[PDB]
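Participant: Okay, handing you the structure first.
Cβ coordinates were reconstructed from backbone atoms using ideal geometry, including for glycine residues, and neighbour counts include every protein chain displayed. A short reminder: the numbers here are calculations on the coordinates, not readings from a lab.
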Amino acid sequence: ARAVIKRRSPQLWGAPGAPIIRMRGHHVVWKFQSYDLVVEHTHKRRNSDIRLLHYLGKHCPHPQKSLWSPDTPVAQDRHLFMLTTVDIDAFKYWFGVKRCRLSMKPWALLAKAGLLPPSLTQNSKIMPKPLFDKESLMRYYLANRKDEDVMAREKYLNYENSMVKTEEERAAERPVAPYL
Amino acid sequence: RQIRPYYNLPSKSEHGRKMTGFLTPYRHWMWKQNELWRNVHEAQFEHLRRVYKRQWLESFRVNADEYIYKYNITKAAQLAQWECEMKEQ
Amino acid sequence: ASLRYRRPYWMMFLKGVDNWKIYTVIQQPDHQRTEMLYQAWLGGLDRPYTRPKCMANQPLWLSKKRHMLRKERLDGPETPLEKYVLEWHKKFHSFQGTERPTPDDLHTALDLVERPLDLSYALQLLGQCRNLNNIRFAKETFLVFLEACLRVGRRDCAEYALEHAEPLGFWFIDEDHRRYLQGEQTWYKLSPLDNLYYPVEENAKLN
Amino acid sequence: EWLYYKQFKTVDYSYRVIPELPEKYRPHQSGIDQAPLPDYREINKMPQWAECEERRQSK
Amino acid sequence: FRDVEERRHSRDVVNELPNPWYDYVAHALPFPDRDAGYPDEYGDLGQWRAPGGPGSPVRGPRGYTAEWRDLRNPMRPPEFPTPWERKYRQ
Amino acid sequence: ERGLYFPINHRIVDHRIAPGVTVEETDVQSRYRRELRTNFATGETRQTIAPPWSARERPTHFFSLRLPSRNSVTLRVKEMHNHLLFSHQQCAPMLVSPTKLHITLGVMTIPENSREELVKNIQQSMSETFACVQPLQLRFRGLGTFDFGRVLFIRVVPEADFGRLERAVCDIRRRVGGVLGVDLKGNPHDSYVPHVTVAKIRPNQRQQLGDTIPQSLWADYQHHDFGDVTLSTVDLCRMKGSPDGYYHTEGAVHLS
Amino acid sequence: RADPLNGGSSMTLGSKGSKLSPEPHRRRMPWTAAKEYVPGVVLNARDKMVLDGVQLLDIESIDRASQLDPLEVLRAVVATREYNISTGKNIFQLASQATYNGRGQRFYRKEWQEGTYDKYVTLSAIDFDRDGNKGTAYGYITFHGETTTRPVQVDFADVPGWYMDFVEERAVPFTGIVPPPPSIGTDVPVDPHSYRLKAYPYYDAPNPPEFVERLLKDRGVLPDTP
Amino acid sequence: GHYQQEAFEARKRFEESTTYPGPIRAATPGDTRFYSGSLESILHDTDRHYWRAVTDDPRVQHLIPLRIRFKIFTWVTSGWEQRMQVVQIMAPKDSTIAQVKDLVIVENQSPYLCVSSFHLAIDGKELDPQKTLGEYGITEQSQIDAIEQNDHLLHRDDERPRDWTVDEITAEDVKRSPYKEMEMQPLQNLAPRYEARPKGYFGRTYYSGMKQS
Amino acid sequence: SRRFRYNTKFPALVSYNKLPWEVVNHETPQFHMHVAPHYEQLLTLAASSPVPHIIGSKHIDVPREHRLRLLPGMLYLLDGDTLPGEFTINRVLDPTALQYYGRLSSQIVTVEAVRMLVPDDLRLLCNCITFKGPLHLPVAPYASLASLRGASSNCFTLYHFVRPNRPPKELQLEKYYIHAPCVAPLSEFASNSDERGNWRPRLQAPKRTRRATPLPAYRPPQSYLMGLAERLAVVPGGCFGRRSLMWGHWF
RNA sequence: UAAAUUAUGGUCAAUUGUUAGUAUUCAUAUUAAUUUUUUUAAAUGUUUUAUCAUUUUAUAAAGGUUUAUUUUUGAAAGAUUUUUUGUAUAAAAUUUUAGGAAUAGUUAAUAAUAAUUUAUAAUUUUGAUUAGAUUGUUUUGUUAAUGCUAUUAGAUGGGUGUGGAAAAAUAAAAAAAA
Ligand SMILES: [Mg+2]
Ligand SMILES: [Mg+2]
Ligand SMILES: [Mg+2]
Ligand SMILES: [Mg+2]
Ligand SMILES: [Mg+2]
Ligand SMILES: [Mg+2]
């Protein structure tokens, strides 16, 4: 909605837009370069701190030898290490409750961590993208579909309330003799 | 961006853009397929969205009411302390 | 890519207007006397004049007055037909006309032909009744047109109307009218009152 | 496409059409006078084909 | 896709193992649960002070009471004759 | 150009209109500072308000401090009448004669059957309440309105012995309305606003006079100072206007 | 907002759609409402090479020296007519030819009858402006054997994409009133032999094999040799 | 709706109470003119700018804030628009509809409204200038329109004002009425510069309740 | 988009961004556009259950004085054709107007005539619609219209009074959307009907040995298309339905 | 007005100039800097769209401000079948010049008033207004240390007023609806 658009760094919608989790670091020689996982708005200003919701972490893209742990004859442990600090309470808050967006590189990271499934942009160019036809899918679905109530209860436990009360803690929480 | 291929409906105009997005039926079918695949991705994605939402809410319940436990005890203590200091006063 | 933020809000959905930036700066005094001069250049007014505040287009009344003060051509009408064509442009080409011609007005128009010049005129009227105005004809329309192409002694246009009648939009041609142009029937029509065949030279066999 | 838009002074290359404002944007200030009034009798002289068809009308 | 995946996921035994990252949110509250090493009312660093002292939040407060009975004279032989070492009771 | 671009007194949101209405559908225009014009400016005063059942019945008797002879008050009210009548003589029926001027300490409804028990009992309780109170010097300045500008009165300033009045009144209030149940037009746990009623519009009058006393009359006397008076005499009065030429007096108490 | 694509799922900006909702996203701009539009540029765009070697006149050139052979005028008219149908036929070009200005006839656009898309418009009435080829056209929309309750202005009546089929049964005189055609579920009892439903709310079409061949020959599953 | 009859009935039962002492005005606060925020907000008279948890006794409303609707012709650059302007009075409970007309005439600050005689009406039915609001069941929520003399002539081109877009404005009428005030001929700062909405704002068909396409 | 809270931006007096107030002109076709689909609903009601003021015996008569505080909004039905007194008569022959009465004339009583009646003083209106023949709906015995000779002499008229140039509110049609059941289909099983013995139940679904005939093979459309109607937020036809279900749009 | 112990606890304050009778923080010292060196930046064409239009894309030009800069969700986030709410624009503190005097579309009440409403008005020696210099309240250097000595940059009026918000006329390094 700017009369003469700022041409180089366009976005979608008005700024500040919905918060997006980005990786960003000042540019330098490749030997020292680190990145910041940051929840911030869609439209950045000159200094990235002006719109910054939260600071999620440091990520160093240099494979490192592990000198912190003792040298271990185990094969896998002596592959190089890649270090990252995730703040996952803030991540689950922002992503889950506040409904963030995600750039692709942080997505790859958080996929490695086990917080998210691997991204849309991670492609083994070995396999193609799948085909689809509705009648075959339908045969498979009629073949396997679970009961309605089972499914409803699964959606209940995953989305709505998890912690529930067994009859036991009811019986243990209900008042005894003098006020019963 | 929205990809505009060369076999999209060419607009013959000198007063404007050379190519209008209008699709060969093939392109439409194709687009539908690709987009089905990414639907497969975003299903799990938003599933995880609301899952983490209830996770965070639940942890908030438990820790926050533990907090209210400890805190209320604290302010009850302070208040007792004060009314005592005022009896002394 | 919309001009929303480039020009004043009232200019939205502005199309066809020549160099619209003009009407942005018209408030400034020099642009304004420029426009006084321009309106005087267009003429049709008594007084120094300028179009109102935010208007890019000229006012409806003004351009209407420009249109009605514009002198029509053909200052010499001789044939009744030319008179009627001037009246035709008066009625149906009037600025922002609601009204539209009728097949009867075209018959009337087409019956006044004498010289081939008038055939050209009536035929261009017909051209406007098909293409410009989109008016369905009647059966007797080709009758009229045909006898009209006979009056001037040019039968080329009649058979040229036959070989393709779909673009010209004659939706009914009685088969005998076809024969007359294809040469099969010496005569196109018989006048019941006359009990003779038309035209008269073919009727020379009837005698 | 881009070559076509390039002829416009659009500052951001935004695919909008923005015209210019010449010092003389209207006929009267470009020196042009009023459009010359048509001689009416001269254009009402019947054309050649009409005269030829009058010649074969009298025949 | 979801169904095939749930299937081969439930089929493997290395799953059904709690994943600390996937399962919960340790702490949802913006403030910490206990005080860690932040400067004090005097401006002194975390390393210079131990929490729980005089800066901490206050703890607050005819016949005989129930605390009268539990008490007993050291002159009378106690409840269960636990063999205390003399040196220690000294 | 001679002030703020948007004068601060003109910035007003009406929350008693639905949300979204003023943005799109229509705009609402009103002169909003007639309503916002305050209780000091209008001269209104909030009297103890009656419960509906009590509001139904006419009041019969009232407590009054009787103004002595030779008052600053009576004199200045006479001066005020002169001025008002010279300005607008349509006031003439509104005005209360200087003969009837008295301080109204509270109003009450007594039913006609229990009449004597109530007057004797009241009179007695009254005499006990005021036993210890010596005379009261009170200050009068300012005007105010009761009952939507129908009643126009002289305020009693809380700058003086007024304090004592307030306890005194609140005692009879807790006896007359608390002890023996009597209809005081308000709650007995609430204090009445003492006043000297100057102009009044009765129900019958209201048709020819109008529904409210125009503020243009008394605007200038609104803050006028009527002076100080010492008061030794408390009455319980029934309201009859022809018996003695002064409100008919059922009981009396002397402050000394 | 009112009707999102796939609920809110934000994992990509493209995941939302090209418009967030059918409803206009700013309230101050109503025309942003989601329609079904048409390629106006191509479908206006009439062929000017049809007017080659013609010698048209203008409206206000009435001059004696100006106009031409009646033969030249006739081929001019035919050239102009061919110039106006040169893309497709506009409603008002179809309606003037039909009886009663084509009241009652069913006007379908080309793309409405192909694929699982089935839709047409029964004409309620017509206003010809002085210029034909333009105007206003009102009618009932019938989509998959389900019809509108009241008439509506037909959108894109001016764009030349329209076909129809003249039937004497459907003709209505200007005196009477064009009835809305019955919605096949309600007014007329549903019959299989009379009308079969092309597609229904949860249906969609099977894969045409040439598209499949092409997409695999694209993604590089099925080989393609130069 | 439900509120109206719930509170009406509540008031009506409150009035039939044989035993009530009456409220204590030290326990029944007024409202504040002093609260945070720059804007001055006018509220319901049952409501306060502070937090009051307790429900106060139902009171009869002696000043009823009537709303009276008018039609204005607003000049926007493209041409005239017909839109709605509400005038809001505070009319005493027992007031007569004549008096409501009078209060409404005094309260309007726009030069374009009250020029001729107007009649108050509810859902198109005229009101007696003679009788009370009580009889017609007029409340704040009630919808009151107002109808001018020439308003039933507005379907013509005469009474409806003429926009300089399509109509001659002459030295006759340049000196008279909203035209004169408007200053049609553009000035450097552009004169009073009115709101503008473009021609293609609603599409080819203007604004409607019913979707026409 | 939601409606914003309040306008503090622009002066109220000037009123600035305001949706125009819609007003119904009686000279145009647009009038009937508004009024027609109401009438049909109204008549439908009259066919099922009684509504009080719908049916008058004779033309209402009022003084000049009380004319405009009584009439406006009034809607009543009469048996014959008699046109209200002191009303100039306008025939509605223009086809665009007639057009909106289509549904009402096909699926309810045939419309014989329409009339716009304007008072001499010009400030009042009467829309008069003359129906011919019996209802194409079934008429209940206890229903209002059962008291009328024109239904169930075959012509009868609807009369609707209104002020000109008013919003399409204060023509009062919206009170009539009370919905009563047509009891015609169950009239078969009442103890009153002698065809109730000709009825036989189907309790169990019949054994079926054949599947439904398969739809004709799908031809992919050959022309250019505007793209996914999903992503363009176009409801399935540009007609009705939800944008999530893309059924019946091309593919 | 009494000592204390169940013993180093609660996590490091520590100062370096070779001068010249004496009095006074003053040349030559260390650390930090400028003098001083091309191992971190970068090139133009933003992009869709329904076609002469309409949707998306909101704070690095200058001017010199010390009682000074303050704000919403109606955009997006954003999830339902439609009417949906209320909260905001206001303030308080901290404010420089060696030698010091008056400032002014002007205060407060009224009100959608007043280029002539009403009034004994408002700012200032507890330092004003003009005028100089100057980019304001987590950033540096020295030091054992209350100090001294730095901290960029970025909000410059209105005039058809679009937009949720003016932040709207080169100068990115923000992926901008497959
Ligand atoms: Mg939203
Ligand atoms: Mg700047
Ligand atoms: Mg300065
Ligand atoms: Mg300050
Ligand atoms: Mg401030
Ligand atoms: Mg400027």
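Participant: With Cβ to Cβ distances under 11 Å as the rule, what net charge do the other residues near F:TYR247 carry (K, R +1; D, E -1)? Please list the in-between numbers first.
Facilitator: Working: positive: F:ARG66, F:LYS100, F:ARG238, F:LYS240; negative: F:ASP235, F:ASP244, F:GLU250.
Neighbour charge sum, excluding F:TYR247 itself: +1.
Participant: Could you order the peptides C:27-33, A:71-77 from most to least packed, using the average number of other C-beta atoms within 10 Å per residue?
Facilitator: Working: C:27-33: 13.1, A:71-77: 8.3.
The peptides rank, most packed first, as C:27-33, A:71-77.
Participant: Considering every residue in I:96-104, what mean count of other chain Cβ atoms within 10 Å of its Cβ is obtained? Write down the numbers at each step before the final one.
Facilitator: Working: counts 7, 1, 7, 11, 6, 1, 13, 9, 2.
Mean number of neighbouring Cβ atoms from other chains: 6.
Participant: Same structure, new question: Hey, what angle do you get for helix H:97-107 against the long axis of chain H, alpha-carbon based, 0 to 90 degrees rounded to 10?
Facilitator: 60
Participant: For region C:1-44, list log₁₀ I(q)/I(0) at each q in 0.13, 0.18, 0.33 Å⁻¹, using the Debye formula over Cα point scatterers of equal strength and ignoring solvent, two decimals each.
Facilitator: -0.37, -0.64, -1.15
Participant: Continuing with the same structure: Roughly how big is region F:16-145's charge dipole about its Cα centre, with Cβ charges of +1 (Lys, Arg) and -1 (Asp, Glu), in debye to the nearest 20?
Facilitator: Details: 17 positive and 11 negative charges, 127 e Å.
Dipole magnitude for region F:16-145 comes out near 600 debye.
Participant: While we're here: Does region I:51-157 come out rounded, prolate or oblate, given a ≥ b ≥ c as the square roots of the eigenvalues of its C-alpha gyration tensor, rounded meaning a/c under 1.5 and, failing that, prolate meaning a/b above b/c?
Facilitator: Working: a/c = 2.25, a/b = 1.29, b/c = 1.74.
Since a/c reaches 1.5 but b/c is at least a/b, the shape of region I:51-157 is classed as oblate.
Participant: Roughly how many debye, to the nearest 20, is the charge dipole of region H:87-213 about its Cα centre, given +1 on each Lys and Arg Cβ, -1 on each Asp and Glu Cβ, and no other charges? It would help to have the intermediate numbers written out before the result.
Facilitator: On the way: 15 positive and 22 negative charges, 104 e Å.
It works out to roughly 500 debye.
Participant: Still on this structure, please answer the following. Counting other Cβ atoms within 10 Å, which trypsin sites (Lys or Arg not before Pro) in region G:166-226 have at most 15 and lie in a DSSP loop? Can you show the working numbers first?
Facilitator: Working: sites: G:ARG170, G:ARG196, G:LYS198, G:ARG214, G:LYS217, G:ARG219; in loops: G:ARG170, G:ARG196, G:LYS198.
When the trypsin sites (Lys or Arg not before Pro) of region G:166-226 are filtered for loop state and at most 15 Cβ neighbours within 10 Å, G:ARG196 remain.
Participant: Also, I was wondering about something else. Got a sec to turn the phi values of region C:39-51 into Karplus ³J(HN,Hα) couplings, 6.51 cos²θ - 1.76 cosθ + 1.60 with θ = phi - 60°, whole Hz, x for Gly and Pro?
Facilitator: Here the 3J(HN,Hα) series is 5, 5, 5, 7, x, x, 10, 7, 10, x, 9, 9, 5 Hz.
Participant: Using the Kirkwood radius built from alpha carbon pairs, what does the Stokes-Einstein equation give as D for region G:153-216 at 4 °C and 1.567 mPa s, in µm² per second?
Facilitator: This corresponds to a translational diffusion coefficient of 76 µm²/s.
Participant: Helix-only mean residue ellipticity at 222 nm, chain I, DSSP H runs n ≥ 4 weighted -39,500 (n - 2.57), per residue, nearest 500. What is it? Please list the in-between numbers first.
Facilitator: Details: 4 runs with 33 residues, N = 251.
Calculated mean residue ellipticity at 222 nm is -3500 deg cm²/dmol.
Participant: Using a 10 Å cut-off on Cβ to Cβ distances, tally the other chain neighbours for every residue of I:71-80 and report the average as a whole number.
Facilitator: For this peptide, the per-residue mean of nearby foreign Cβ atoms is 1.
Participant: Add -39500 (n - 2.57) for each DSSP H run of 4 or more in chain H, then divide by its residues: what number comes out at 222 nm, to the nearest 500 deg cm²/dmol?
Facilitator: Working: 5 runs with 39 residues, N = 213.
Dividing the helical sum by the residues of chain H leaves -5000 deg cm²/dmol.
Participant: Assigning unit charges at the beta carbon (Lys, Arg +1; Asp, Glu -1) and nothing else, what dipole magnitude in debye, to the nearest 20, does the protein assembly as shown show about its Cα centre? Walk me through the numbers before you get to the answer.
Facilitator: Numbers: 217 positive and 189 negative charges, 1041 e Å.
Value, rounded to 20: 5000 debye.
Participant: Cα-Cα over 19 Å: which of C:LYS65/D:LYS24; F:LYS200/H:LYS93; C:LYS53/I:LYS9; A:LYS134/G:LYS198; C:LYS15/D:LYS6; A:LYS165/B:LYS70? Let's see the in-between values first.
Facilitator: Working: C:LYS65/D:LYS24 27 Å; F:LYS200/H:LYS93 21 Å; C:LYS53/I:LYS9 25 Å; A:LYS134/G:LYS198 16 Å; C:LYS15/D:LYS6 21 Å; A:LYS165/B:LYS70 24 Å.
Correct reply: C:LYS65/D:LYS24; F:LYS200/H:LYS93; C:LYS53/I:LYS9; C:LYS15/D:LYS6; A:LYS165/B:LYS70.
Participant: I'd like the Karplus ³J(HN,Hα) series for region C:149-158: coefficients 6.51, -1.76, 1.60, θ = phi - 60°, whole numbers in Hz, and an x wherever there's a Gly or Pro.
Facilitator: Rounded to whole hertz, the list is 6, 7, 3, 9, x, 10, 9, 4, 5, 5.
Participant: Please list the non-local residues whose amide H lies under 5 Å from the amide H of F:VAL193, H modeled 1.01 Å from N, same-chain partners needing a gap of 5 or more.
Facilitator: F:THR48
Participant: Which one of F:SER242, F:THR145, F:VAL196 is farthest out on the positive end of the charge dipole of chain F, using unit charges on Cβ (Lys, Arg +1; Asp, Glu -1) and the Cα centre as origin?
Facilitator: Projecting each Cα onto the dipole axis, the largest value belongs to F:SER242.
Participant: How do I:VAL111, F:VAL176 line up, fewest other C-beta atoms within 10 Å first?
Facilitator: Values: I:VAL111 21, F:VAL176 24.
Final ranking by Cβ density, sparse to dense: I:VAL111, F:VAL176.
Participant: Step by step: find N for region A:1-82, compute 2.2 N^0.38 Å, then divide the Cα radius of gyration by it. What's the final number? Can you show the working numbers first?
Facilitator: Values: Rg = 18.8 Å, N = 82, 2.2 N^0.38 = 11.7 Å.
Against the compact-globule rule of thumb, the ratio is 1.60.
Participant: Once each part is reduced to its C-alpha centroid, what is the distance from region G:134-165 to region B:1-50 in angstrom?
Facilitator: Measuring centre to centre over Cα atoms gives 28 Å.
Participant: Name the residues whose placed amide hydrogens come within less than 5 Å of the amide hydrogen of G:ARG106, ignoring near sequence neighbours (fewer than 5 apart) on the same chain.
Facilitator: Counting only residues 5 or more places away or on other chains, the set is G:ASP165.
Participant: Still on this structure, I have one more. Considering Cα pairs under 8 angstrom that are at least six residues apart, work out the relative contact order of chain B and quote it in whole percent.
Facilitator: On the way: 24 pairs, mean separation 11.7, N = 89.
After rounding, I find 13 percent.
Participant: Same structure, new question: Between C:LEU143, C:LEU37, C:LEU193, which gets the highest mean-square fluctuation from a Gaussian network model of chain C, Cα cutoff 10 Å?
Facilitator: Residue with maximal mean-square fluctuation among C:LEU143, C:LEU37, C:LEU193: C:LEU193.
Participant: Below 8 Å between Cα atoms, with a sequence gap of 6+, how large is the relative contact order for chain G in percent? If you can, show how the numbers build up before the last one.
Facilitator: On the way: 286 pairs, mean separation 34.7, N = 226.
It comes to 15 percent, rounded to a whole number.
Participant: Next question, about the same structure. Calculate, in whole percent, how much of the Cα-Cα pair population of region B:35-89 lies beyond 17 Å. The partial results should precede the final answer.
Facilitator: On the way: 950 of 1485 pairs.
For region B:35-89, the fraction of Cα-Cα distances above 17 Å is 64 percent.
Participant: Can you work out the FRET efficiency for the pair A:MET138 and C:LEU60, with r the C-beta to C-beta distance and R0 = 41 Å, to the nearest 0.05?
Facilitator: According to the calculation, E is roughly 0.05.
Participant: Continuing with the same structure: Under the definition of Cα pairs under 8 Å and six or more residues apart, what whole-number percent is the relative contact order of region F:65-181? Display every interim value, and only then the final one.
Facilitator: Numbers: 72 pairs, mean separation 23.7, N = 117.
For region F:65-181, the relative contact order is 20 percent.
Participant: If you take each beta carbon of peptide C:35-41 and count the beta carbons of other chains within 10 angstrom, what is the mean?
Facilitator: If you average over the peptide's residues, the count of other-chain Cβ atoms is 3.
Participant: As a test of the formula, what do you get for chain B when each DSSP H run with n ≥ 4 contributes -39,500 (n - 2.57) and the sum is divided by the residue count, at 222 nm and rounded to the nearest 500 deg cm²/dmol?
Facilitator: Numbers: 1 runs with 64 residues, N = 89.
Per the formula, -27500 deg cm²/dmol.
Participant: Among H:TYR201, H:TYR179, H:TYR112, determine the one that fluctuates most according to a GNM of chain H built with springs between C-alpha atoms less than 10 Å apart.
Facilitator: H:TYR201
Participant: Rank-order A:84-94, G:48-58, I:115-125 by packing density, defined as the average count of other C-beta atoms within 10 Å over each peptide's residues, highest first. Before the final figure, lay out each step's value.
Facilitator: Values: A:84-94: 19.4, G:48-58: 12.2, I:115-125: 17.4.
With the highest mean Cβ count within 10 Å placed first, the list reads A:84-94, I:115-125, G:48-58.
Participant: Which cross-chain or sequence-distant (5 or more) residues have an amide H under 5 Å from the amide H of A:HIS54, H modelled 1.01 Å from N in plane?
Facilitator: A:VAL39
Participant: While we're here: Find the centroid of the Cα atoms in region I:175-216 and in region A:54-132, then give the distance between the two in whole Å.
Facilitator: 63
Participant: Give the residue from A:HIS62, A:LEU142, A:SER162 lying farthest towards the positive end of the charge dipole for chain A; charges sit on Cβ (+1 for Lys and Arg, -1 for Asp and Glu) and the dipole is referred to the Cα centre.
Facilitator: Ranked along the dipole, the leading option is A:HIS62.
Participant: Next question. Please turn the phi angles of region A:159-171 into ³J(HN,Hα) values with the Karplus equation 6.51 cos²θ - 1.76 cosθ + 1.60 (θ = phi - 60°), one per residue in order, whole Hz, x for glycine and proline.
Facilitator: Each residue of region A:159-171 in turn: 9, 6, 3, 8, 4, 10, 9, 4, 3, 4, 6, 4, 4 Hz.
Participant: Continuing with the same structure: Classify the protein assembly as shown from the C-alpha gyration tensor, please: rounded if a/c falls under 1.5, else prolate or oblate depending on whether a/b exceeds b/c. Don't skip to the end; give the middle numbers.
Facilitator: Values: a/c = 2.02, a/b = 1.36, b/c = 1.49.
In terms of gyration-tensor shape, oblate.
Participant: For a footprinting-style exposure proxy, rank H:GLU126, C:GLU99 by other Cβ within 10 Å, fewest first. Please list the in-between numbers first.
Facilitator: Values: H:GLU126 19, C:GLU99 9.
Ordered by Cβ neighbours within 10 Å, fewest first: C:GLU99, H:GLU126.
Participant: Can you find, among B:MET30, B:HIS15, B:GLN55, the residue sitting farthest towards the positive end of the charge dipole of chain B, where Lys and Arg contribute +1 and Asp and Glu -1 at Cβ?
Facilitator: B:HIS15
Participant: Take chain F, connect every pair of alpha-carbon atoms lying under 10 Å apart with a spring to form a Gaussian network, then pick out the residue of F:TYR192, F:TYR32, F:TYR246 with the largest mean-square fluctuation.
Facilitator: F:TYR32
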